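Structural overview for review
Each chain is listed here by its residues.
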Amino acid sequence: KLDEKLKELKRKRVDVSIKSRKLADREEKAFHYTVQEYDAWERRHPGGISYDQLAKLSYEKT
Amino acid sequence: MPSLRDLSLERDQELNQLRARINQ
Amino acid sequence: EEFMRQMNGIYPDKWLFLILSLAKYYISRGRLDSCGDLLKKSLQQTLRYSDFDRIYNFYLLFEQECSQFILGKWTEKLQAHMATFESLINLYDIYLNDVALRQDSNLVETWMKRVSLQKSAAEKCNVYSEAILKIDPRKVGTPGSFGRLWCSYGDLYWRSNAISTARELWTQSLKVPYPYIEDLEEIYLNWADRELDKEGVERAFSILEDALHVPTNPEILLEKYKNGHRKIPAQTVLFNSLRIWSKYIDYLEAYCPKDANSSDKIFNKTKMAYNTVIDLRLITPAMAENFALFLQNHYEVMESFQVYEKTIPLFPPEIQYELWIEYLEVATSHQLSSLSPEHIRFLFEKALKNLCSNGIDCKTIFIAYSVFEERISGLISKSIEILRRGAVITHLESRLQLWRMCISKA
(Lines give C-alpha, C1' and ligand atoms only; values in the text may rest on other atoms or scores of the structure.)
Protein backbone atom coordinates (compact mmCIF):
# COMPACT_ATOMS: atom_id res chain seq x y z
CA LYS A 1 0.00 0.00 0.00
CA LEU A 2 3.07 2.21 -0.31
CA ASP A 3 1.76 3.58 -3.63
CA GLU A 4 -0.90 5.71 -1.92
CA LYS A 5 1.65 7.05 0.58
CA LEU A 6 4.01 7.89 -2.29
CA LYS A 7 1.20 9.66 -4.16
CA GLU A 8 0.29 11.75 -1.11
CA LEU A 9 3.96 12.55 -0.51
CA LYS A 10 4.40 13.70 -4.11
CA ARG A 11 1.26 15.84 -3.88
CA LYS A 12 2.57 17.52 -0.72
CA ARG A 13 6.08 17.84 -2.16
CA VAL A 14 4.84 19.70 -5.24
CA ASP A 15 3.22 22.29 -2.98
CA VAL A 16 6.36 22.45 -0.83
CA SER A 17 8.45 23.15 -3.93
CA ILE A 18 6.00 25.82 -5.11
CA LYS A 19 6.05 27.63 -1.76
CA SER A 20 9.82 27.37 -1.48
CA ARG A 21 10.29 28.74 -4.99
CA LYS A 22 8.01 31.68 -4.18
CA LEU A 23 10.16 32.44 -1.14
CA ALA A 24 13.21 32.04 -3.40
CA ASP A 25 12.07 34.54 -6.05
CA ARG A 26 12.34 37.41 -3.54
CA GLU A 27 16.12 37.31 -4.13
CA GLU A 28 -1.94 64.56 22.81
CA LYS A 29 1.24 62.77 21.76
CA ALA A 30 3.35 65.55 23.30
CA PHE A 31 2.00 65.11 26.84
CA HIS A 32 4.02 61.91 27.31
CA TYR A 33 7.59 63.19 26.96
CA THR A 34 9.54 63.18 30.20
CA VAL A 35 11.19 66.32 31.54
CA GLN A 36 14.49 64.86 30.35
CA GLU A 37 13.15 64.45 26.83
CA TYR A 38 11.93 68.06 26.90
CA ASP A 39 15.40 69.23 27.94
CA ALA A 40 16.90 67.24 25.07
CA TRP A 41 14.39 68.48 22.51
CA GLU A 42 14.62 72.09 23.71
CA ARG A 43 18.41 72.05 23.39
CA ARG A 44 18.62 70.19 20.09
CA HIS A 45 15.84 72.34 18.57
CA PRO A 46 15.69 75.60 20.59
CA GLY A 47 17.49 97.88 11.42
CA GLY A 48 21.03 98.84 10.47
CA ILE A 49 24.29 97.36 11.78
CA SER A 50 27.40 98.99 13.22
CA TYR A 51 30.77 98.27 11.64
CA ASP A 52 32.09 96.66 14.84
CA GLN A 53 29.15 94.26 14.91
CA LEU A 54 29.46 93.53 11.20
CA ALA A 55 33.19 92.94 11.69
CA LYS A 56 32.63 90.39 14.44
CA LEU A 57 29.96 88.61 12.39
CA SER A 58 32.26 88.43 9.35
CA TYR A 59 35.04 87.06 11.53
CA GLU A 60 32.73 84.37 12.89
CA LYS A 61 31.62 83.41 9.38
CA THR A 62 35.24 83.07 8.33
CA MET B 1 -9.35 70.78 31.93
CA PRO B 2 -9.70 69.59 28.31
CA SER B 3 -6.00 68.85 27.77
CA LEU B 4 -4.59 67.01 30.80
CA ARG B 5 -7.43 66.55 33.28
CA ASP B 6 -9.43 64.84 30.54
CA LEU B 7 -6.64 62.30 29.99
CA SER B 8 -6.05 61.79 33.70
CA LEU B 9 -9.73 61.09 34.36
CA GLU B 10 -9.42 58.30 31.80
CA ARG B 11 -6.38 57.01 33.68
CA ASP B 12 -8.31 56.91 36.95
CA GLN B 13 -11.03 55.03 35.07
CA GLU B 14 -8.66 52.50 33.52
CA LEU B 15 -7.33 51.74 37.00
CA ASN B 16 -10.67 50.06 37.77
CA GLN B 17 -9.42 47.22 35.58
CA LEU B 18 -6.35 46.99 37.79
CA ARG B 19 -8.53 47.18 40.91
CA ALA B 20 -10.43 44.08 39.81
CA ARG B 21 -7.17 42.12 39.81
CA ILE B 22 -6.14 43.89 43.02
CA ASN B 23 -9.05 42.54 45.03
CA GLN B 24 -9.15 39.07 43.43
CA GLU C 1 37.28 13.16 -7.08
CA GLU C 2 40.73 14.67 -6.49
CA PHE C 3 39.99 17.27 -9.18
CA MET C 4 36.71 17.93 -7.36
CA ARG C 5 38.56 18.73 -4.14
CA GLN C 6 41.01 20.88 -6.10
CA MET C 7 38.22 23.04 -7.52
CA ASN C 8 36.63 23.10 -4.07
CA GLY C 9 39.83 24.84 -3.02
CA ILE C 10 40.07 26.98 -6.14
CA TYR C 11 36.44 28.03 -6.79
CA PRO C 12 34.54 28.63 -3.54
CA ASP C 13 32.28 31.23 -5.17
CA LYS C 14 30.01 28.85 -7.10
CA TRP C 15 29.60 26.14 -4.47
CA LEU C 16 26.01 25.43 -5.58
CA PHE C 17 26.90 24.21 -9.06
CA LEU C 18 29.77 22.19 -7.58
CA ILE C 19 27.59 20.38 -5.04
CA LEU C 20 24.87 19.77 -7.64
CA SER C 21 27.35 18.26 -10.10
CA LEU C 22 29.01 16.08 -7.46
CA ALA C 23 25.57 14.93 -6.29
CA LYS C 24 24.70 13.99 -9.87
CA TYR C 25 27.94 12.01 -10.00
CA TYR C 26 27.02 10.26 -6.74
CA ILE C 27 23.59 9.32 -8.09
CA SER C 28 25.11 8.07 -11.34
CA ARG C 29 27.66 5.91 -9.48
CA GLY C 30 25.03 4.18 -7.34
CA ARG C 31 26.36 5.78 -4.14
CA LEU C 32 22.92 6.72 -2.85
CA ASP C 33 24.04 6.83 0.78
CA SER C 34 26.90 9.11 -0.26
CA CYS C 35 24.41 11.33 -2.10
CA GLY C 36 22.21 11.38 0.99
CA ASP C 37 24.81 12.47 3.51
CA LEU C 38 26.48 14.84 1.03
CA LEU C 39 23.18 16.59 0.36
CA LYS C 40 22.45 16.66 4.09
CA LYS C 41 25.80 18.33 4.79
CA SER C 42 25.36 20.82 1.96
CA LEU C 43 21.78 21.61 3.03
CA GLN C 44 22.95 22.29 6.57
CA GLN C 45 25.74 24.45 5.16
CA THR C 46 23.56 26.72 2.99
CA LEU C 47 23.35 30.41 3.85
CA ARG C 48 21.37 32.16 1.08
CA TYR C 49 17.75 31.24 0.48
CA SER C 50 18.14 31.04 -3.30
CA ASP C 51 20.94 28.51 -2.77
CA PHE C 52 18.85 26.67 -0.17
CA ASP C 53 15.89 26.35 -2.49
CA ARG C 54 17.91 24.70 -5.23
CA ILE C 55 19.53 22.17 -2.90
CA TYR C 56 16.32 21.44 -0.99
CA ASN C 57 14.38 20.94 -4.21
CA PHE C 58 17.08 18.68 -5.64
CA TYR C 59 17.11 16.58 -2.46
CA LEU C 60 13.32 16.32 -2.51
CA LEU C 61 13.10 15.24 -6.15
CA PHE C 62 16.03 12.84 -5.75
CA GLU C 63 14.23 11.14 -2.88
CA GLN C 64 10.97 11.08 -4.86
CA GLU C 65 12.52 9.59 -7.99
CA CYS C 66 14.61 7.03 -6.10
CA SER C 67 11.62 5.89 -4.04
CA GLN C 68 9.42 5.60 -7.14
CA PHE C 69 12.14 3.70 -9.01
CA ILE C 70 12.57 1.21 -6.17
CA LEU C 71 8.79 0.86 -5.99
CA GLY C 72 8.89 0.00 -9.69
CA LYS C 73 10.59 -3.28 -8.75
CA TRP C 74 14.52 -3.58 -1.79
CA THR C 75 11.93 -3.23 0.97
CA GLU C 76 14.30 -1.69 3.53
CA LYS C 77 15.79 0.77 1.04
CA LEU C 78 12.33 1.83 -0.14
CA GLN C 79 11.16 2.27 3.46
CA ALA C 80 14.18 4.42 4.33
CA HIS C 81 13.86 6.49 1.16
CA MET C 82 10.19 7.37 1.52
CA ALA C 83 10.75 7.97 5.24
CA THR C 84 13.42 10.54 4.36
CA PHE C 85 11.10 11.94 1.68
CA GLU C 86 8.27 12.47 4.18
CA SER C 87 10.71 13.89 6.74
CA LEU C 88 12.13 16.42 4.29
CA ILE C 89 8.60 17.36 3.24
CA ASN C 90 7.55 18.04 6.82
CA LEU C 91 10.78 19.67 8.05
CA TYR C 92 10.62 22.47 5.48
CA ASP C 93 9.79 25.06 8.15
CA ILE C 94 12.70 23.88 10.30
CA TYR C 95 15.15 24.16 7.43
CA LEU C 96 13.62 27.52 6.49
CA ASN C 97 14.54 28.95 9.87
CA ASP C 98 17.85 27.08 9.87
CA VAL C 99 18.82 29.40 7.01
CA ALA C 100 17.92 32.50 9.03
CA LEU C 101 19.78 31.20 12.09
CA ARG C 102 22.97 31.59 10.04
CA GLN C 103 22.18 34.84 8.25
CA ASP C 104 22.06 36.48 11.72
CA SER C 105 22.22 34.07 14.64
CA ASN C 106 21.41 36.68 17.30
CA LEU C 107 18.28 38.09 15.61
CA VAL C 108 15.81 36.97 18.26
CA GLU C 109 12.77 37.20 15.97
CA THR C 110 13.82 34.01 14.23
CA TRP C 111 14.14 32.29 17.60
CA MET C 112 10.60 33.44 18.34
CA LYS C 113 9.52 31.73 15.12
CA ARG C 114 11.51 28.57 15.74
CA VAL C 115 9.75 28.17 19.06
CA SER C 116 6.36 28.56 17.37
CA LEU C 117 7.09 25.74 14.94
CA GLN C 118 7.84 23.17 17.67
CA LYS C 119 5.13 20.56 18.18
CA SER C 120 4.89 20.49 21.99
CA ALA C 121 5.73 22.82 24.87
CA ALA C 122 8.12 20.15 26.14
CA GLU C 123 10.22 21.00 23.10
CA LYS C 124 9.57 24.74 23.32
CA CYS C 125 11.54 24.69 26.56
CA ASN C 126 14.49 23.07 24.79
CA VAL C 127 14.45 25.59 21.96
CA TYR C 128 14.32 28.46 24.45
CA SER C 129 17.29 26.92 26.27
CA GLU C 130 19.30 26.77 23.04
CA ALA C 131 18.26 30.29 22.06
CA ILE C 132 19.38 31.81 25.36
CA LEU C 133 22.90 30.40 25.01
CA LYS C 134 23.23 31.20 21.30
CA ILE C 135 22.05 34.81 21.65
CA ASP C 136 24.61 37.38 22.78
CA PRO C 137 23.10 40.55 24.30
CA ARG C 138 25.74 42.91 22.90
CA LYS C 139 24.62 42.36 19.29
CA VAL C 140 20.83 42.16 19.64
CA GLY C 141 19.72 44.74 17.10
CA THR C 142 16.16 45.70 18.01
CA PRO C 143 15.96 46.91 21.63
CA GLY C 144 13.46 45.27 23.92
CA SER C 145 13.50 41.99 21.99
CA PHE C 146 15.76 39.67 24.02
CA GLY C 147 13.79 40.57 27.12
CA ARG C 148 10.70 39.35 25.31
CA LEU C 149 12.45 36.00 24.94
CA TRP C 150 13.04 35.68 28.67
CA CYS C 151 9.48 36.90 29.30
CA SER C 152 8.01 34.26 26.98
CA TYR C 153 10.28 31.56 28.41
CA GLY C 154 9.14 32.31 31.94
CA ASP C 155 5.52 32.46 30.81
CA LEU C 156 5.88 29.00 29.26
CA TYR C 157 6.55 27.49 32.68
CA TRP C 158 4.06 29.79 34.38
CA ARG C 159 1.15 28.58 32.22
CA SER C 160 1.64 24.93 33.14
CA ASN C 161 2.95 24.79 36.73
CA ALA C 162 6.10 25.29 38.80
CA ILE C 163 5.93 29.00 39.55
CA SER C 164 9.17 28.50 41.49
CA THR C 165 10.87 27.40 38.28
CA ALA C 166 9.64 30.52 36.49
CA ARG C 167 10.87 32.79 39.28
CA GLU C 168 14.29 31.13 39.45
CA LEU C 169 14.62 31.43 35.67
CA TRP C 170 13.68 35.10 35.77
CA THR C 171 16.18 35.82 38.54
CA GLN C 172 18.80 34.58 36.09
CA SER C 173 17.33 36.87 33.43
CA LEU C 174 17.91 40.15 35.29
CA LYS C 175 21.56 39.11 35.79
CA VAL C 176 22.25 39.21 32.03
CA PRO C 177 24.17 42.42 31.09
CA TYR C 178 21.75 43.92 28.58
CA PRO C 179 22.90 46.74 26.26
CA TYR C 180 19.54 48.53 26.13
CA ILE C 181 17.00 49.23 28.84
CA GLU C 182 13.81 48.30 26.96
CA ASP C 183 14.91 44.67 27.36
CA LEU C 184 14.87 45.13 31.14
CA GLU C 185 11.44 46.75 31.34
CA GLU C 186 9.96 43.95 29.26
CA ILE C 187 11.04 41.51 32.01
CA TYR C 188 10.21 43.46 35.17
CA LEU C 189 6.79 44.63 33.95
CA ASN C 190 5.90 41.07 32.95
CA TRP C 191 7.14 39.51 36.19
CA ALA C 192 5.22 42.06 38.26
CA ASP C 193 2.05 41.50 36.24
CA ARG C 194 2.30 37.73 36.67
CA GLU C 195 2.95 38.03 40.39
CA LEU C 196 -0.02 40.38 40.74
CA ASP C 197 -2.50 37.66 39.77
CA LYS C 198 -1.01 35.17 42.27
CA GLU C 199 0.69 36.69 45.33
CA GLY C 200 -1.21 39.95 45.57
CA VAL C 201 -0.14 43.47 44.78
CA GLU C 202 1.84 43.72 48.01
CA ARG C 203 4.35 41.35 46.40
CA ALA C 204 3.82 42.99 43.03
CA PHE C 205 5.23 46.21 44.49
CA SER C 206 8.36 44.44 45.69
CA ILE C 207 9.23 43.16 42.24
CA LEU C 208 9.27 46.73 40.85
CA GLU C 209 10.76 48.37 43.96
CA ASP C 210 13.81 46.14 43.62
CA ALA C 211 14.28 47.59 40.13
CA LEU C 212 13.89 51.21 41.31
CA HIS C 213 16.52 51.28 44.05
CA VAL C 214 17.51 54.89 43.35
CA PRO C 215 21.28 55.32 43.75
CA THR C 216 23.20 58.38 44.81
CA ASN C 217 24.65 60.62 42.10
CA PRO C 218 22.11 59.77 39.36
CA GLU C 219 23.72 62.28 37.02
CA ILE C 220 27.11 60.53 37.18
CA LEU C 221 25.69 57.10 36.38
CA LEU C 222 23.48 58.47 33.62
CA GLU C 223 26.54 60.19 32.14
CA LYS C 224 28.61 57.00 32.32
CA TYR C 225 25.95 54.91 30.57
CA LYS C 226 24.86 57.55 28.04
CA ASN C 227 28.43 58.25 26.92
CA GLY C 228 29.50 54.61 27.26
CA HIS C 229 28.38 53.72 23.70
CA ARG C 230 26.80 50.32 24.52
CA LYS C 231 29.83 49.40 26.65
CA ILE C 232 28.02 49.91 29.97
CA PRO C 233 25.01 47.73 30.87
CA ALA C 234 21.56 49.25 31.21
CA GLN C 235 21.43 47.54 34.62
CA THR C 236 22.94 50.64 36.21
CA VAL C 237 20.42 53.23 34.95
CA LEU C 238 17.39 51.04 35.58
CA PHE C 239 16.10 53.82 37.83
CA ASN C 240 15.72 55.96 34.68
CA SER C 241 12.88 53.90 33.18
CA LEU C 242 9.63 55.82 32.77
CA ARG C 243 7.70 52.63 32.02
CA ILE C 244 8.72 50.97 35.28
CA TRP C 245 7.95 54.10 37.29
CA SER C 246 4.60 54.37 35.51
CA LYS C 247 3.60 50.78 36.24
CA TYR C 248 4.88 50.93 39.82
CA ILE C 249 2.79 54.07 40.32
CA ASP C 250 -0.22 52.43 38.68
CA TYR C 251 -0.02 49.50 41.09
CA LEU C 252 0.37 51.82 44.08
CA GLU C 253 -2.41 54.16 42.97
CA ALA C 254 -4.85 51.33 42.28
CA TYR C 255 -3.99 49.84 45.67
CA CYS C 256 -4.82 53.04 47.58
CA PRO C 257 -8.42 52.76 48.82
CA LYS C 258 -10.68 55.50 47.53
CA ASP C 259 -11.04 56.78 51.12
CA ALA C 260 -7.33 56.89 51.87
CA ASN C 261 -5.95 59.58 54.16
CA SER C 262 -2.59 61.04 55.11
CA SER C 263 -1.97 58.45 57.85
CA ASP C 264 -2.49 55.51 55.48
CA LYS C 265 0.73 53.75 54.51
CA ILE C 266 -0.06 53.27 50.80
CA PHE C 267 -1.05 56.92 50.31
CA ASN C 268 2.29 58.00 51.78
CA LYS C 269 4.08 55.49 49.58
CA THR C 270 2.38 56.87 46.48
CA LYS C 271 3.50 60.35 47.47
CA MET C 272 7.09 59.14 47.72
CA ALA C 273 6.86 57.33 44.37
CA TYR C 274 5.61 60.45 42.63
CA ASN C 275 7.97 62.85 44.40
CA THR C 276 10.91 60.62 43.46
CA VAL C 277 9.78 60.60 39.83
CA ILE C 278 9.63 64.42 39.89
CA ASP C 279 13.04 64.63 41.57
CA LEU C 280 14.49 62.35 38.88
CA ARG C 281 12.92 64.65 36.25
CA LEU C 282 11.09 61.64 34.82
CA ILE C 283 7.71 63.30 35.39
CA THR C 284 5.63 63.77 32.25
CA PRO C 285 2.88 66.40 31.92
CA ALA C 286 0.20 63.73 32.09
CA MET C 287 1.82 62.23 35.18
CA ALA C 288 2.21 65.64 36.85
CA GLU C 289 -1.52 65.98 36.44
CA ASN C 290 -2.06 62.37 37.53
CA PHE C 291 -0.32 63.18 40.81
CA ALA C 292 -2.27 66.38 41.29
CA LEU C 293 -5.57 64.61 40.64
CA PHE C 294 -4.60 61.82 43.03
CA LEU C 295 -4.01 64.38 45.76
CA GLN C 296 -7.24 66.22 45.03
CA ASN C 297 -9.24 62.99 45.17
CA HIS C 298 -7.76 62.40 48.62
CA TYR C 299 -8.68 65.90 49.92
CA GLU C 300 -5.03 66.97 50.08
CA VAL C 301 -5.80 69.88 47.76
CA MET C 302 -3.46 72.40 49.35
CA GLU C 303 -0.61 70.00 48.63
CA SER C 304 -1.93 69.48 45.09
CA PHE C 305 -0.94 73.02 44.29
CA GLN C 306 2.63 72.30 45.44
CA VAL C 307 2.75 69.65 42.72
CA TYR C 308 1.70 72.15 40.09
CA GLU C 309 4.25 74.71 41.25
CA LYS C 310 6.99 72.09 41.48
CA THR C 311 6.37 70.91 37.92
CA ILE C 312 5.29 73.94 35.85
CA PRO C 313 8.78 75.54 35.64
CA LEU C 314 10.37 72.37 34.21
CA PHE C 315 8.39 72.16 30.96
CA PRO C 316 8.50 74.52 27.97
CA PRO C 317 5.93 77.34 27.88
CA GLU C 318 3.78 75.51 25.34
CA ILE C 319 3.11 72.81 27.97
CA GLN C 320 3.16 75.26 30.84
CA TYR C 321 -0.06 76.52 29.29
CA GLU C 322 -1.87 73.24 29.99
CA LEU C 323 -0.51 72.90 33.49
CA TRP C 324 -1.32 76.55 34.23
CA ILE C 325 -4.90 75.96 33.09
CA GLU C 326 -5.20 72.97 35.41
CA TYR C 327 -3.60 74.81 38.34
CA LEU C 328 -5.79 77.90 38.06
CA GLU C 329 -9.00 75.96 37.38
CA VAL C 330 -8.45 73.94 40.57
CA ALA C 331 -7.38 76.96 42.61
CA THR C 332 -10.34 79.18 41.72
CA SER C 333 -13.11 76.57 42.14
CA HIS C 334 -12.58 73.92 44.83
CA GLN C 335 -14.02 73.84 48.33
CA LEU C 336 -10.77 72.77 50.02
CA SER C 337 -8.48 75.37 48.44
CA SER C 338 -7.34 77.90 51.05
CA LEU C 339 -5.71 80.38 48.67
CA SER C 340 -6.55 83.95 49.58
CA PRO C 341 -7.84 86.16 46.75
CA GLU C 342 -4.57 88.07 46.56
CA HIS C 343 -2.79 84.76 46.11
CA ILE C 344 -5.02 83.63 43.28
CA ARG C 345 -4.48 86.99 41.61
CA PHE C 346 -0.75 86.50 42.08
CA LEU C 347 -0.97 83.14 40.31
CA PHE C 348 -2.99 84.61 37.45
CA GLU C 349 -0.65 87.54 36.89
CA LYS C 350 2.33 85.16 37.02
CA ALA C 351 0.76 82.90 34.41
CA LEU C 352 -0.07 85.71 32.02
CA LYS C 353 3.35 87.34 32.40
CA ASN C 354 5.26 84.11 31.82
CA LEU C 355 3.19 82.73 28.96
CA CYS C 356 2.72 86.01 27.07
CA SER C 357 6.46 86.55 27.44
CA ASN C 358 6.73 83.50 25.15
CA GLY C 359 3.92 84.20 22.69
CA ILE C 360 1.62 81.38 23.76
CA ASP C 361 -2.07 81.98 23.12
CA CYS C 362 -3.40 83.01 26.53
CA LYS C 363 -7.09 83.46 25.69
CA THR C 364 -8.39 80.89 28.18
CA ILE C 365 -6.36 82.30 31.07
CA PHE C 366 -7.58 85.82 30.27
CA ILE C 367 -11.20 84.66 30.23
CA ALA C 368 -10.74 82.72 33.47
CA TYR C 369 -9.09 85.74 35.06
CA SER C 370 -11.98 88.00 34.06
CA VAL C 371 -14.54 85.51 35.39
CA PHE C 372 -12.63 85.13 38.65
CA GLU C 373 -12.32 88.89 39.05
CA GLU C 374 -16.07 89.23 38.61
CA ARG C 375 -16.63 86.42 41.12
CA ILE C 376 -14.30 87.35 43.95
CA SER C 377 -14.79 91.12 44.19
CA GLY C 378 -17.52 92.06 41.73
CA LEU C 379 -15.37 94.75 40.12
CA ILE C 380 -16.72 94.59 36.57
CA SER C 381 -14.47 97.49 35.58
CA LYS C 382 -11.38 95.48 36.49
CA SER C 383 -12.74 92.44 34.69
CA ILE C 384 -13.19 94.37 31.47
CA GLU C 385 -9.77 95.96 31.74
CA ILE C 386 -8.25 92.48 32.04
CA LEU C 387 -10.00 91.32 28.89
CA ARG C 388 -8.85 94.46 27.08
CA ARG C 389 -5.28 93.64 28.13
CA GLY C 390 -5.72 90.29 26.46
CA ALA C 391 -7.15 91.70 23.25
CA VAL C 392 -4.54 94.47 22.93
CA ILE C 393 -1.46 92.30 23.41
CA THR C 394 -0.72 86.75 15.57
CA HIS C 395 -3.62 84.75 17.03
CA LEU C 396 -5.91 87.28 15.38
CA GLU C 397 -9.01 85.13 15.89
CA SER C 398 -8.46 85.03 19.65
CA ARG C 399 -8.00 88.79 19.84
CA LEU C 400 -11.27 89.13 17.93
CA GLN C 401 -12.97 86.95 20.52
CA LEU C 402 -11.55 88.99 23.38
CA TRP C 403 -12.62 92.20 21.67
CA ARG C 404 -16.15 90.89 21.32
CA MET C 405 -16.35 89.75 24.93
CA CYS C 406 -14.70 92.87 26.35
CA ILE C 407 -17.00 95.17 24.37
CA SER C 408 -20.18 93.18 25.00
CA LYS C 409 -19.49 93.10 28.73
CA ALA C 410 -18.84 96.83 28.73
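What counts and what doesn't
Residues numbered from 1 in each chain as written, not as in the entry; some residues may be left out. Chains lettered and ligands numbered in written order. Part of a larger assembly, values for the part shown. Heavy atoms only, no water. Residues with missing side-chain atoms left out of burial classes, pairs and counts. Salt bridge = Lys/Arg side-chain N within 4 Å of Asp/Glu carboxyl O. Helix = DSSP H or I, 4+ residues; strand = E, 2+ residues; numbered from the N terminus. Buried < 20%, exposed > 50% of the residue type's maximum accessible area, 1.4 Å probe, protein only. Arc of directions from axis to C-beta. Contact = heavy atoms within 4.5 Å. Core = buried A, V, L, I, M, F, W, Y, C linked by side-chain atoms within 4.5 Å. Axes fitted to C-alpha atoms, helices over the stretch in contact; angles between N-to-C directions. Parallel < 35°, antiparallel > 145°, perpendicular 65-115°, else oblique. Nonpolar A, V, L, I, M, F, W, Y, C, P; charged D, E, K, R; others polar. Patch = residues over 30% accessible without salt bridge, like charges linked within 9 Å, V, L, I, M, F, W, Y side chains within 5 Å. Areas by Shrake-Rupley, 256 points an atom, 1.4 Å probe, with all protein chains shown as cover. Expected span 1.5 Å × (residues − 1).

Per the deposited record, cryo-EM is how this structure was determined, to a resolution of 2.31 Å.

In the annotation of the PDB entry, chain C is listed under the name Pre-mRNA-splicing factor SYF1 and assigned to Saccharomyces cerevisiae.

As named in the PDB entry, chain A is Pre-mRNA-splicing factor SYF2, taken from Saccharomyces cerevisiae.

With that settled, the discussion passes to the pattern of salt bridges. Applying the stated criterion to the full structure yields 26 salt bridges over all chains. The partner of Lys271(C) in a salt bridge is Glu300(C), and the shortest N-O contact between them spans 2.9 Å. Separated by 29 residues along the polypeptide, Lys271(C) in helix 14 (residues 265-279) and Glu300(C) in the loop between helix 15 (285-297) and helix 16 (301-311) bring together distant segments of the chain. The same class applies to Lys271(C) and to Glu300(C), which are both buried. Of the charged contacts, one joins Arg404(C) and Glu397(C) as a salt bridge, the two residues approaching to 3.5 Å between their closest N and O atoms. Judged by its relative accessible area of 51%, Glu397(C) is exposed. Salt bridges sharing partners connect three or more residues here, namely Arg11(B), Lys247(C), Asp250(C) and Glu253(C).

A separate point is helix 7 (residues 108-117) of chain C. Residues and elements named next belong to chain C. Turning to helix 7, its buried residues number three or more, namely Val-108, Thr-110, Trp-111, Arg-114 and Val-115. Taken around the axis of helix 7, the buried residues stretch over an arc of 150°, which confines them to a single face. Next to the buried residues of helix 7 lie helix 6 (92-103), helix 8 (121-134) and helix 9 (146-160).

Our next topic: the environment of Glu303(C). All names here are of chain C. Among the structural elements, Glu-303 can be located in helix 16. For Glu-303, a relative accessible area of 37% puts it in the partly exposed group. Between the C-alpha atoms of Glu-303 and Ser-337, which are 34 residues apart in sequence, the distance is 9.5 Å. Not counting chain neighbours up to four residues away, the residues in contact with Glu-303 comprise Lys-271 and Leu-295.

Looking now at the nonpolar core. All names here are of chain C. Membership of the largest hydrophobic core comes to 111 residues, with the highest contact counts inside it found for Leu-149, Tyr-188, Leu-208, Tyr-251, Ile-283, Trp-324 and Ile-365. Among the elements that take part in this core, helix 11 (residues 182-211) stands out by supplying 13 residues, more than any other. Not counting residues up to four positions away in its chain, the partners in contact with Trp-324 are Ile-312, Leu-347, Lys-350, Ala-351, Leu-355 and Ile-365. Ranked by size, the runner-up nonpolar core spans 28 residues in total, among them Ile-55, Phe-58, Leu-78 and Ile-89.

This next bit is on the packing of helix 19 (residues 363-376) of chain C against helix 20 (residues 380-392) of chain C. Residues and elements named next belong to chain C. It is the contact of helix 19 with helix 20, at a shortest axis distance of 8 Å, that shows an interaxial angle of 175°. The orientation of helix 19 with respect to helix 20, classified from their angle, is roughly antiparallel. Contact residues: helix 19 offers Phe-366, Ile-367, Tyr-369, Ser-370, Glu-373 and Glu-374, while helix 20 offers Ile-380, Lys-382, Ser-383, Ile-386, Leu-387, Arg-389 and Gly-390. Looking at the contact of helix 19 with helix 20 residue by residue, the classes come out as 6 nonpolar, 3 polar and 4 charged.

Residues and elements named next belong to chain A. Among the surface-exposed residues, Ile-49, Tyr-51, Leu-54 and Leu-57 lie close enough to one another that they form a single nonpolar patch of about 430 Å² accessible area. Examined against the element boundaries, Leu-57 turns out to sit in helix 3 (residues 51-61). Using a relative accessible area of 40% as the deciding quantity, one classes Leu-57 as partly exposed.

With that settled, consider helix 19 of chain C. Residue and element names in this part refer to chain C. Taking 1.5 Å per residue, 14 residues should reach 20 Å; helix 19 reaches 20 Å between its end C-alpha atoms and fits that length. As for helix 19, its buried residues are in contact with helix 17 (317-332), helix 18 (341-356), helix 20 and helix 21 (396-409). Positioned one or two residues after helix 19, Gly-378 has a phi angle of 80°, which is positive.

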